[PDB]
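Coming up is one lone chain in structure tokens, specifically the form deposited without (2-chloroethyl)benzene.
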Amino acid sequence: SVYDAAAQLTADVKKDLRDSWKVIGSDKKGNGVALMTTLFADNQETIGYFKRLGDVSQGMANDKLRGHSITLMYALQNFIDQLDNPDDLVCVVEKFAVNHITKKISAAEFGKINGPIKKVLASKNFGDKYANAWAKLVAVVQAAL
């Protein structure tokens, strides 16, 4: 199932993922927080899952939120690094899905991250082409949820 989703990650898709990540991943704290704050802004309901982070309205200044945001970016770093080996990508994606499954986060709920990603990419001038590529990576994760 996850393997089949990984099949959509074509040579061109992987190329666009790596190129956009080279920029997005160069500032994990800044872009990580931008992703989370954008998620909370466009989908306020997702805040219910982050009660532990406290006052998320403080953004970057919130240590727990900042801590979570930075860490989030390293999961993506992991995924990006495993792109050329489907076997490694799959085992890493399934390992990652375990905690989210135990947190009762469905594939549809997880998919809400696509909008924030598209916006963050656009702020760096990466158009729809790149947003679509990323939606495909997110789809691999959704397949495991």
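Each residue number is its position in the shown sequence, starting from 1.
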**Request:** Going by the average Cα B-factor in the PDB entry, point out whether 78-86 or 99-107 comes out higher.
**Result:** 99-107
**Item:** Selected stretch [higher average CA B-factor]: 52-60 or 30-38
**Value:** 52-60
**Prompt:** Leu137: which third of its chain by C-alpha temperature factor?
**Reply:** lowest
**Asked** Should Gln44 be placed in the lowest, middle or highest third of its chain by the C-alpha B factor in the entry?
**Response** highest
**Item:** Modelled-residue ranking by C-alpha temperature factor, third containing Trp21
**Value:** lowest
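Although not depicted, the form deposited with (2-chloroethyl)benzene bound is the subject of the following passage.
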**Message:** So, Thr37 and (2-chloroethyl)benzene: in the deposited complex, are they within 4.5 Å at any heavy atom pair?
**Reply:** no
**Request:** Answer for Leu9 alone: is it within 4.5 Å of (2-chloroethyl)benzene in the deposited complex, judged on heavy atom distances?
**Result:** no
**Message:** Although the partner isn't part of this model, could you tell me whether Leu89 comes within 4.5 Å of (2-chloroethyl)benzene in the deposited complex, counting any heavy atom of the residue?
**Reply:** no
**Asked** Taking heavy atoms only, is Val13 within 4.5 angstroms of (2-chloroethyl)benzene in the deposited complex?
**Response** no
**Fill in**
Near (2-chloroethyl)benzene in the deposited complex, with a heavy atom at 4.5 Å or closer, the residues from 52-87 are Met73, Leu76
